[PDB]
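The chain below stands alone, shown as structure tokens; this is the form deposited in one PDB entry.
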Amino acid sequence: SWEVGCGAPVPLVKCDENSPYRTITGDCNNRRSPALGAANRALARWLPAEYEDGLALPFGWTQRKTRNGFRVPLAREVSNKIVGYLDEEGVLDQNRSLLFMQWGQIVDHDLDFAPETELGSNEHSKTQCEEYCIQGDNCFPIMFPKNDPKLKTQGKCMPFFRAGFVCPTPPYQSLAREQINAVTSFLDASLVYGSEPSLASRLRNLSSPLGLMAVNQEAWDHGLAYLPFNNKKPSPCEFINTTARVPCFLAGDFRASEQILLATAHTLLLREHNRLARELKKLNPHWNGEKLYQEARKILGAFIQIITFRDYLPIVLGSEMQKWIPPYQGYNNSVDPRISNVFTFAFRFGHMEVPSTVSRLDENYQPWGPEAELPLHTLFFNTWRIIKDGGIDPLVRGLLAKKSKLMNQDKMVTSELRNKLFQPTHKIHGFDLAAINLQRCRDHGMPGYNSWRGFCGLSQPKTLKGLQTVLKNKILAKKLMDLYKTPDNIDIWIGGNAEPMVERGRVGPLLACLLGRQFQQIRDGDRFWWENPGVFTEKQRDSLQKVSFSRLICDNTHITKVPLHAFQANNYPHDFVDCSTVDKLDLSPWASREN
């Protein structure tokens, strides 16, 4: 009847109350409700889901059924008319390095993943949805509007499969459909260690009692470790280049090889675990492998939290940072730490920060070889350009010395993502991440733009002129009104990203509120927050305050010249220092004395 808890899956609650370490699943963090923030449960609903039929059909599903009296426009038509641009000149962020973009993706992948339903195992609709563009069950194809050039070269649609949902994926559940978060809601390095026990063990080196993560046994980066290969088929990293046949990496997170700089960041974090585990073994030779793994895992989780909340979030939220994330006042076990469904769309502001090219730079921060700069689309599921072209150092120098794309109301998403995206099992560099995001907002039953404005205490524009004023842009407001016909129908991904950025920040007021609230909750609601008294000793916390992405690079690469503020736009050599001058993480406070 009430159906308070639909929890047939993952019923197991076997909580050690005493454990100084996190579970891999996120279970037991909250003592009163131990499933809160656990992986493989429903995304939180801050507002009730909004479906065409009130339960699970997306707006746009039934041609005849309006939203508030108007047909919702095709995701791809919004993408073409609003999100696309031609000229990559002038589009770079003069005050954010490319590392700023890349850290956002890292944090996002630690916090949330809504994987497509697996109803494609030995299924026709796996290829049939792509082949015949026929909407049904989990097939919700992105149809091309009539004037779309892709209609001329790529057929009628782009394939799209509905996200997985809680209480059996194929059939009906208690009231509205709730999509799954497959990773831990805590900011806990689940993207390095995994959110499931099987994966987390596969990633470990259990051959030695050294608490190490498994490393590649077939390839080395000038003696430095690579992630292991994912030896499974079919492999998109092999598909791109069947001559090189270099597989995807195997990381804590499914998505680690989606692009070369994400793979690069994952590689830095793995190196850091093993570095930490080796340093701890020197300090504490009596520590067994499990203890070394847990202790290094706990430090790397703290590293990710401190970089995120001290360095990253202030330059995302700008003037809104203090409003939404006041200085820390300790653990609040009444806070809901779960990632919300809306946050998983709010955080996609990163899509508008991705620039059109990636560079490899040499030890003078000068172009590395004759093709030093490459188009982003050639680097989707690309591991062979790492193994076979110079390792991660040239790409890390690019992350430091090159710039994020700046979000621009006239230039939102580069064609490298908007027309050339590669999706596994599709075979073409032909997808549109903007269209996918809009279709997914509808898949997840998102409330529209004005419902979220109301949620955030902001004005709800009802007319062209009101929207013009909110967006500070008359042409953008007119295009959105021509497509939507009411600001109430504007999908949250495009409405949030259309707002001009807050002072000293990189998102508008609506996104600052949605992101701000989520990050407040993941900090306040986390029993294992690095700064929660008892988690670390006061001396440990004194050491941890000195972490920086600059030291992470110095410690885990052959790079000896780094900037002191790695998320800022930094130019070589003026903004760069020797690793010598950069604070180290002093692990002496981890020395464990019994006798």
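Shifts are known only where both forms have a C-alpha. Numbering starts at 1 and runs along the sequence shown. We call the rigid core whatever largest set of C-alpha positions still superposes within 1.5 Å between the two forms.
Keep in mind the form deposited in another entry is missing from the figure; the text below concerns it.
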{"item": "Core-fitted Cα difference of 2 Å or more between the shown form and the other one, single residue among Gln468, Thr486, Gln173, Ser356", "value": "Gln173"}
{"item": "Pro11 C-alpha relocation of at least 2 Å between the shown form and the other one, rigid core basis", "value": "yes"}
{"item": "Relative Cα spacing, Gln173 and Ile134, in that other deposited form - shift of 3 Å or more", "value": "closer"}
{"item": "Pairwise C-alpha change, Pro11 versus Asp110, in that other deposited form against this form - closer or farther, 3 angstroms or more", "value": "closer"}
{"item": "Structural rearrangement between the shown form and the other one, runs of 3 or more with C-alpha shift of 2 angstroms or more, core superposed", "value": "1 to 5, 10 to 13, 171 to 174"}
